[PDB]
Amino acid sequence: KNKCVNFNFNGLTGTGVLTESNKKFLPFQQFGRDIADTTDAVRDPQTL
Amino acid sequence: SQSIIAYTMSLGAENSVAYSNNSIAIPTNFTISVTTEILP
Amino acid sequence: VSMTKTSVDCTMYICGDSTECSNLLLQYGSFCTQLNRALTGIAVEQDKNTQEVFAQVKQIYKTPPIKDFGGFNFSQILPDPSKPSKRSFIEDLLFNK
Amino acid sequence: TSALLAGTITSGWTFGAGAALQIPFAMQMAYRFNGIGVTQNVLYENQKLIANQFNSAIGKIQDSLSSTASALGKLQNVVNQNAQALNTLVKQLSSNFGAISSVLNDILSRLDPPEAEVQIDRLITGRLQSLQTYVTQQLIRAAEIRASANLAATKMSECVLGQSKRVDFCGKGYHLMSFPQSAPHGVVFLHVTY
Amino acid sequence: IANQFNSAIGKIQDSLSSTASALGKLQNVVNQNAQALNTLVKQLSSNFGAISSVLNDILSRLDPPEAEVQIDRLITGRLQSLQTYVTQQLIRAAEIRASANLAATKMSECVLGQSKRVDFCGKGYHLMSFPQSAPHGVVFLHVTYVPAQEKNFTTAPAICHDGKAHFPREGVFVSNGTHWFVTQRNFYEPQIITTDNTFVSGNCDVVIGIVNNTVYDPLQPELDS
């Protein structure tokens, strides 16, 4: 966290910095998107 | 003894003048000016 | 009067951190460089348009402490010095609508 | 903007022609009434009416702007036109342009070198066309805004720093004075007319 | 005035001879025009994904079944580089066209007449103008009138002579502390307050700011004739 790193998740890839936030993902949701179809949030597949 | 400096831009000095119900400022002299203006 | 000043990296928009893509883009010429000069030239005009409009006077003036203007109430047009932003009540309506 | 008010309200038309000369406001309008072929007896004899009419007219501007949402439509279109160009610029990245996939990683990590270069050549040629379409659009929109600013620059000189004899330029009717106000990416003039 | 004018002409020669940045508006026209013409020539040396940028490198080297594919890439690239040039020059002509219509307007109002548009024909009160030619442009020398030295005076809108309010015809009333005169707004040329320099309207019980003073009657000395 707080470091420029790459991402290889179960269903998400890219490059960026991870930070804690107040967002919430449903139990049937993994990763979010903004208005421009770009990812701006993700839930960890192992931790809650 | 020189260097580069950063500052907030100035908008010009302040020349607030007196105001009242009975005072007027009339000029006494004049001066002719010649300003240049270039246009393509 | 003005527009939103913008600039776009012609490389990162096309090649998102891809060395192979960038190596091929380098063979297309100065298409990449031209687009940065155009948008940069546009951003300068949006900074000139405010000087050619608002800065009609190099000299700054101010109102007196006693606002006697022959019965005309300019309190709605003049700025509110008691507010954090030195703007008027009508300017507040414009920056909010 | 606060300076041009303090100059117009108290110095009139002189601060736009050299040094600022003091003139009372009730005496300013007398010249302005004479500036439109009206003798200045009507002003001094009816100062109470001119003030109550002006102050009442300023109040309508607040109620009108605070109620009419379509009043600032000119400045909102400038913002909406730009944002549509930005989102359109980003949405084109998701398009394939006739390729296997819009993502380079799905091609660079999937196909061999001599095959991936052809698929990549289309996205480069496609995405590069979206930029020239964007740049050319903003380069035309910068011309319309440039004429609107050169117009407003004239109105901040003729209407504000003086009195205009041009009809319907500084407002409908015989013009007396103007009072500018700022706004996001624009100006708003409060023309006074007889 | 003749010496103030001839002195200002000498300063323009000094500023134009020293400050080369005065004519920066005209240098941006030739520079931008030259950069675009140079950009096309540089685009010729680009391959656009082909084997080589030169035609003879492909015509006599590869066969027509394969040369037509490589040749099509250059024609596709070099043609877009023209549309980018013609489009830019076709937009720049509009900005030039707006400047010409403006300069033509100034050559009509400011030169062939005396304008009353504020800050249009030069800063200050406009008197006349003198045009001067230049490469790919035009130059104006706006002669103007500017008051320099000021003095505070006590004024008033009207004067009460004998029940009637005497407003001025031209200028405005002033006071040197004890005595009242009439003077033009833009220059101090005091005159005696008389019926010819005034206009009667109403009475003193309505106008605000009025003062009591005497108006000289030109028919005064004829009474003792």
# chains A, B, ... in the order shown; residues from 1 in each chain; ligands from 1
>>> residues_around(residues="residue 156 of chain D", least_positions_apart="2", cutoff="12 Å", atoms="only C-alpha atoms", output="ChimeraX atom specification")
/C:50-57 /D:1,4-5,8,13,16,149-154,158-164,169-170,177-182,187-191 /E:117-120
>>> interface_residues(of="chain A", to="chain C", cutoff="12 Å", atoms="only C-alpha atoms", output="VMD selection string")
chain A and resid 6 14 to 15
>>> interface_residues(of="chain D", to="chain A", cutoff="12 Å", atoms="only C-alpha atoms", output="PyMOL selection string")
chain D and resi 83-84+86-95+103-106
>>> write_last_selection(atoms="N, CA, C and O atoms", output="compact mmCIF listing (two decimals), in the first residue's frame")
# COMPACT_ATOMS: atom_id res chain seq x y z
N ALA D 83 -16.46 18.63 -21.57
CA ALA D 83 -16.50 17.34 -20.88
C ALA D 83 -16.89 16.22 -21.84
O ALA D 83 -16.39 15.10 -21.73
N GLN D 84 -17.80 16.50 -22.77
CA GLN D 84 -18.17 15.51 -23.77
C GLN D 84 -16.97 15.12 -24.63
O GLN D 84 -16.85 13.98 -25.08
N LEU D 86 -13.84 15.11 -23.52
CA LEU D 86 -12.95 14.32 -22.68
C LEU D 86 -13.42 12.88 -22.55
O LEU D 86 -12.64 11.95 -22.76
N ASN D 87 -14.70 12.69 -22.20
CA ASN D 87 -15.23 11.34 -22.06
C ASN D 87 -15.20 10.60 -23.39
O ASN D 87 -14.91 9.40 -23.44
N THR D 88 -15.49 11.31 -24.48
CA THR D 88 -15.39 10.71 -25.80
C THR D 88 -13.95 10.31 -26.11
O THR D 88 -13.71 9.30 -26.79
N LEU D 89 -12.99 11.08 -25.63
CA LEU D 89 -11.58 10.76 -25.85
C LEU D 89 -11.19 9.50 -25.10
O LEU D 89 -10.31 8.75 -25.54
N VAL D 90 -11.83 9.25 -23.96
CA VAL D 90 -11.47 8.10 -23.13
C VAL D 90 -12.23 6.86 -23.60
O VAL D 90 -11.69 5.74 -23.57
N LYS D 91 -13.48 7.02 -24.01
CA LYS D 91 -14.28 5.88 -24.44
C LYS D 91 -13.69 5.21 -25.68
O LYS D 91 -13.86 4.01 -25.88
N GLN D 92 -12.99 5.98 -26.52
CA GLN D 92 -12.42 5.41 -27.73
C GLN D 92 -11.32 4.40 -27.42
O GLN D 92 -11.02 3.54 -28.25
N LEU D 93 -10.71 4.49 -26.24
CA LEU D 93 -9.71 3.51 -25.84
C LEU D 93 -10.31 2.11 -25.72
O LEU D 93 -9.61 1.13 -25.99
N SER D 94 -11.57 2.00 -25.32
CA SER D 94 -12.22 0.71 -25.21
C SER D 94 -12.60 0.11 -26.56
O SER D 94 -12.98 -1.06 -26.61
N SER D 95 -12.51 0.88 -27.64
CA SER D 95 -12.87 0.38 -28.95
C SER D 95 -11.71 -0.39 -29.56
O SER D 95 -10.54 -0.13 -29.27
N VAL D 103 -7.05 -3.94 -25.77
CA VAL D 103 -6.00 -3.94 -24.76
C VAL D 103 -4.71 -4.41 -25.41
O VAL D 103 -4.70 -5.40 -26.15
N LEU D 104 -3.61 -3.70 -25.13
CA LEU D 104 -2.32 -4.11 -25.67
C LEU D 104 -1.80 -5.36 -24.97
O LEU D 104 -1.18 -6.22 -25.60
N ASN D 105 -2.06 -5.47 -23.66
CA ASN D 105 -1.59 -6.63 -22.91
C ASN D 105 -2.24 -7.92 -23.40
O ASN D 105 -1.60 -8.98 -23.39
N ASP D 106 -3.49 -7.85 -23.85
CA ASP D 106 -4.16 -9.02 -24.41
C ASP D 106 -3.61 -9.41 -25.78
O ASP D 106 -3.97 -10.49 -26.27
>>> residues_around(residues="residue 26 of chain A", least_positions_apart="5", cutoff="12 Å", atoms="only C-alpha atoms", output="list in words")
residues 31, 32, 42, 43 and 48 of chain A
>>> closest_residue(among="D:136, D:102, D:67, D:193", to="chain E", atoms="only C-alpha atoms")
D:136
>>> closest_atom_pairs(of="chain C", to="chain B", cutoff="7 Å", atoms="only C-alpha atoms", output="CSV")
residue,atom,partner,partner_atom,distance
C:58,CA,B:12,CA,5.6
C:59,CA,B:12,CA,5.3
C:60,CA,B:14,CA,5.0
C:61,CA,B:16,CA,5.0
C:62,CA,B:16,CA,5.2
C:64,CA,B:19,CA,6.8
>>> closest_atom_pairs(of="chain E", to="chain D", cutoff="7 Å", atoms="only C-alpha atoms", output="Markdown table")
| residue | atom | partner | partner_atom | distance |
| --- | --- | --- | --- | --- |
| E:117 | CA | D:158 | CA | 5.9 |
| E:118 | CA | D:158 | CA | 5.0 |
| E:119 | CA | D:157 | CA | 6.4 |
| E:123 | CA | D:17 | CA | 6.3 |
| E:124 | CA | D:17 | CA | 4.1 |
| E:125 | CA | D:17 | CA | 6.4 |
| E:146 | CA | D:18 | CA | 6.0 |
| E:147 | CA | D:18 | CA | 6.8 |
| E:157 | CA | D:27 | CA | 6.8 |
| E:201 | CA | D:41 | CA | 6.7 |
| E:206 | CA | D:45 | CA | 6.2 |
| E:207 | CA | D:44 | CA | 5.5 |
| E:208 | CA | D:44 | CA | 6.8 |
>>> closest_atom_pairs(of="chain C", to="chain E", cutoff="10 Å", atoms="only C-alpha atoms", output="tab-separated table")
residue	atom	partner	partner_atom	distance
C:24	CA	E:49	CA	7.3
C:25	CA	E:48	CA	8.7
C:26	CA	E:48	CA	9.1
C:27	CA	E:48	CA	5.6
C:28	CA	E:48	CA	4.9
C:29	CA	E:46	CA	5.7
C:30	CA	E:43	CA	7.2
C:31	CA	E:81	CA	8.3
C:34	CA	E:39	CA	8.7
C:38	CA	E:88	CA	9.5
C:56	CA	E:119	CA	9.3
C:70	CA	E:208	CA	9.7
>>> decode(residues="segment 8-45 of chain A", atoms="N, CA, C and O atoms", output="JSON list (two decimals), in the first residue's frame")
[["chain", "number", "residue", "atom", "x", "y", "z"],
["A", 8, "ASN", "N", -2.08, -7.90, -10.25],
["A", 8, "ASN", "CA", -2.51, -9.15, -10.87],
["A", 8, "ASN", "C", -3.47, -9.83, -9.88],
["A", 8, "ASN", "O", -3.07, -10.66, -9.06],
["A", 9, "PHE", "N", -4.75, -9.47, -9.98],
["A", 9, "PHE", "CA", -5.79, -10.03, -9.14],
["A", 9, "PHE", "C", -6.47, -11.19, -9.86],
["A", 9, "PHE", "O", -6.13, -11.55, -10.99],
["A", 10, "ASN", "N", -7.45, -11.80, -9.18],
["A", 10, "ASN", "CA", -8.18, -12.92, -9.75],
["A", 10, "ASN", "C", -8.89, -12.52, -11.04],
["A", 10, "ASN", "O", -9.01, -13.34, -11.96],
["A", 11, "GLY", "N", -9.38, -11.28, -11.12],
["A", 11, "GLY", "CA", -10.10, -10.81, -12.28],
["A", 11, "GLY", "C", -9.83, -9.35, -12.61],
["A", 11, "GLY", "O", -10.64, -8.71, -13.29],
["A", 12, "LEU", "N", -8.71, -8.81, -12.14],
["A", 12, "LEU", "CA", -8.38, -7.41, -12.36],
["A", 12, "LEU", "C", -6.87, -7.28, -12.51],
["A", 12, "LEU", "O", -6.11, -7.97, -11.83],
["A", 13, "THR", "N", -6.45, -6.41, -13.43],
["A", 13, "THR", "CA", -5.04, -6.13, -13.66],
["A", 13, "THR", "C", -4.86, -4.65, -13.94],
["A", 13, "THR", "O", -5.80, -3.95, -14.33],
["A", 14, "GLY", "N", -3.65, -4.17, -13.74],
["A", 14, "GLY", "CA", -3.33, -2.77, -13.97],
["A", 14, "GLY", "C", -2.13, -2.35, -13.14],
["A", 14, "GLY", "O", -1.32, -3.18, -12.72],
["A", 15, "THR", "N", -2.04, -1.05, -12.92],
["A", 15, "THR", "CA", -0.94, -0.44, -12.17],
["A", 15, "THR", "C", -1.46, 0.76, -11.40],
["A", 15, "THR", "O", -2.17, 1.60, -11.95],
["A", 16, "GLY", "N", -1.10, 0.84, -10.13],
["A", 16, "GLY", "CA", -1.53, 1.95, -9.31],
["A", 16, "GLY", "C", -1.13, 1.75, -7.86],
["A", 16, "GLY", "O", -0.28, 0.92, -7.53],
["A", 17, "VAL", "N", -1.78, 2.53, -7.00],
["A", 17, "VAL", "CA", -1.49, 2.57, -5.57],
["A", 17, "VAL", "C", -2.76, 2.19, -4.82],
["A", 17, "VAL", "O", -3.85, 2.66, -5.15],
["A", 18, "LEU", "N", -2.60, 1.34, -3.80],
["A", 18, "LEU", "CA", -3.73, 0.85, -3.01],
["A", 18, "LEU", "C", -3.83, 1.64, -1.71],
["A", 18, "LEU", "O", -2.82, 1.87, -1.04],
["A", 19, "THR", "N", -5.05, 2.04, -1.36],
["A", 19, "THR", "CA", -5.32, 2.78, -0.14],
["A", 19, "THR", "C", -6.64, 2.29, 0.45],
["A", 19, "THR", "O", -7.53, 1.83, -0.26],
["A", 20, "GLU", "N", -6.75, 2.41, 1.77],
["A", 20, "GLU", "CA", -8.00, 2.11, 2.44],
["A", 20, "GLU", "C", -9.03, 3.20, 2.15],
["A", 20, "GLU", "O", -8.69, 4.37, 1.98],
["A", 21, "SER", "N", -10.30, 2.80, 2.09],
["A", 21, "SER", "CA", -11.37, 3.71, 1.71],
["A", 21, "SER", "C", -12.65, 3.28, 2.41],
["A", 21, "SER", "O", -12.70, 2.23, 3.06],
["A", 22, "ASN", "N", -13.70, 4.09, 2.26],
["A", 22, "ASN", "CA", -15.00, 3.83, 2.85],
["A", 22, "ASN", "C", -15.97, 3.17, 1.87],
["A", 22, "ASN", "O", -17.14, 2.96, 2.21],
["A", 23, "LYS", "N", -15.50, 2.82, 0.67],
["A", 23, "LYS", "CA", -16.35, 2.14, -0.29],
["A", 23, "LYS", "C", -16.71, 0.75, 0.22],
["A", 23, "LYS", "O", -16.12, 0.24, 1.17],
["A", 24, "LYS", "N", -17.70, 0.14, -0.43],
["A", 24, "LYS", "CA", -18.19, -1.17, -0.04],
["A", 24, "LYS", "C", -18.58, -1.97, -1.28],
["A", 24, "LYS", "O", -19.30, -1.47, -2.15],
["A", 25, "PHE", "N", -18.09, -3.20, -1.34],
["A", 25, "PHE", "CA", -18.41, -4.14, -2.40],
["A", 25, "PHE", "C", -19.35, -5.21, -1.87],
["A", 25, "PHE", "O", -19.17, -5.73, -0.76],
["A", 26, "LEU", "N", -20.37, -5.53, -2.66],
["A", 26, "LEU", "CA", -21.31, -6.56, -2.27],
["A", 26, "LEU", "C", -20.61, -7.92, -2.22],
["A", 26, "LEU", "O", -19.50, -8.07, -2.74],
["A", 27, "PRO", "N", -21.23, -8.92, -1.59],
["A", 27, "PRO", "CA", -20.61, -10.26, -1.60],
["A", 27, "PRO", "C", -20.45, -10.85, -2.99],
["A", 27, "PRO", "O", -19.59, -11.72, -3.19],
["A", 28, "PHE", "N", -21.24, -10.40, -3.96],
["A", 28, "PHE", "CA", -21.15, -10.85, -5.34],
["A", 28, "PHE", "C", -20.45, -9.84, -6.24],
["A", 28, "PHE", "O", -20.73, -9.80, -7.44],
["A", 29, "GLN", "N", -19.56, -9.02, -5.68],
["A", 29, "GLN", "CA", -18.83, -8.02, -6.43],
["A", 29, "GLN", "C", -17.35, -8.05, -6.05],
["A", 29, "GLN", "O", -17.01, -8.25, -4.88],
["A", 30, "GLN", "N", -16.49, -7.86, -7.04],
["A", 30, "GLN", "CA", -15.04, -7.88, -6.87],
["A", 30, "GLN", "C", -14.38, -6.53, -7.08],
["A", 30, "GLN", "O", -13.63, -6.08, -6.22],
["A", 31, "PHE", "N", -14.65, -5.87, -8.21],
["A", 31, "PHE", "CA", -13.97, -4.64, -8.57],
["A", 31, "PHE", "C", -14.98, -3.66, -9.14],
["A", 31, "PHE", "O", -15.96, -4.04, -9.78],
["A", 32, "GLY", "N", -14.71, -2.37, -8.90],
["A", 32, "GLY", "CA", -15.57, -1.30, -9.33],
["A", 32, "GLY", "C", -15.08, -0.63, -10.60],
["A", 32, "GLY", "O", -14.09, -1.04, -11.22],
["A", 33, "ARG", "N", -15.81, 0.41, -10.99],
["A", 33, "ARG", "CA", -15.50, 1.18, -12.19],
["A", 33, "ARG", "C", -16.06, 2.58, -12.03],
["A", 33, "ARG", "O", -17.05, 2.80, -11.33],
["A", 34, "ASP", "N", -15.42, 3.53, -12.70],
["A", 34, "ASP", "CA", -15.87, 4.91, -12.71],
["A", 34, "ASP", "C", -16.79, 5.13, -13.91],
["A", 34, "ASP", "O", -17.19, 4.18, -14.60],
["A", 35, "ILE", "N", -17.15, 6.39, -14.18],
["A", 35, "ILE", "CA", -17.99, 6.71, -15.33],
["A", 35, "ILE", "C", -17.35, 6.32, -16.65],
["A", 35, "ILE", "O", -18.07, 6.04, -17.62],
["A", 36, "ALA", "N", -16.02, 6.29, -16.73],
["A", 36, "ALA", "CA", -15.30, 6.03, -17.97],
["A", 36, "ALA", "C", -14.84, 4.57, -18.08],
["A", 36, "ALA", "O", -13.84, 4.29, -18.74],
["A", 37, "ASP", "N", -15.55, 3.65, -17.43],
["A", 37, "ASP", "CA", -15.26, 2.22, -17.45],
["A", 37, "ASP", "C", -13.87, 1.89, -16.91],
["A", 37, "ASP", "O", -13.36, 0.79, -17.15],
["A", 38, "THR", "N", -13.25, 2.80, -16.15],
["A", 38, "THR", "CA", -11.92, 2.59, -15.60],
["A", 38, "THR", "C", -12.04, 2.19, -14.14],
["A", 38, "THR", "O", -12.87, 2.73, -13.40],
["A", 39, "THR", "N", -11.20, 1.24, -13.72],
["A", 39, "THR", "CA", -11.28, 0.70, -12.37],
["A", 39, "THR", "C", -10.72, 1.71, -11.37],
["A", 39, "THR", "O", -9.68, 2.33, -11.61],
["A", 40, "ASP", "N", -11.41, 1.85, -10.24],
["A", 40, "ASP", "CA", -10.97, 2.72, -9.15],
["A", 40, "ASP", "C", -11.21, 2.10, -7.78],
["A", 40, "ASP", "O", -11.19, 2.82, -6.77],
["A", 41, "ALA", "N", -11.45, 0.79, -7.70],
["A", 41, "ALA", "CA", -11.69, 0.13, -6.43],
["A", 41, "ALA", "C", -11.65, -1.38, -6.64],
["A", 41, "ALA", "O", -11.88, -1.86, -7.76],
["A", 42, "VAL", "N", -11.36, -2.11, -5.57],
["A", 42, "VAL", "CA", -11.25, -3.56, -5.62],
["A", 42, "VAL", "C", -11.35, -4.12, -4.21],
["A", 42, "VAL", "O", -10.96, -3.47, -3.24],
["A", 43, "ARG", "N", -11.88, -5.34, -4.11],
["A", 43, "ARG", "CA", -11.96, -6.08, -2.86],
["A", 43, "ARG", "C", -10.94, -7.21, -2.89],
["A", 43, "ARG", "O", -10.77, -7.87, -3.92],
["A", 44, "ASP", "N", -10.27, -7.43, -1.77],
["A", 44, "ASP", "CA", -9.23, -8.45, -1.73],
["A", 44, "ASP", "C", -9.87, -9.84, -1.79],
["A", 44, "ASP", "O", -10.86, -10.09, -1.09],
["A", 45, "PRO", "N", -9.34, -10.77, -2.59],
["A", 45, "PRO", "CA", -9.97, -12.10, -2.66],
["A", 45, "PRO", "C", -9.74, -12.96, -1.43],
["A", 45, "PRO", "O", -10.46, -13.95, -1.25]]
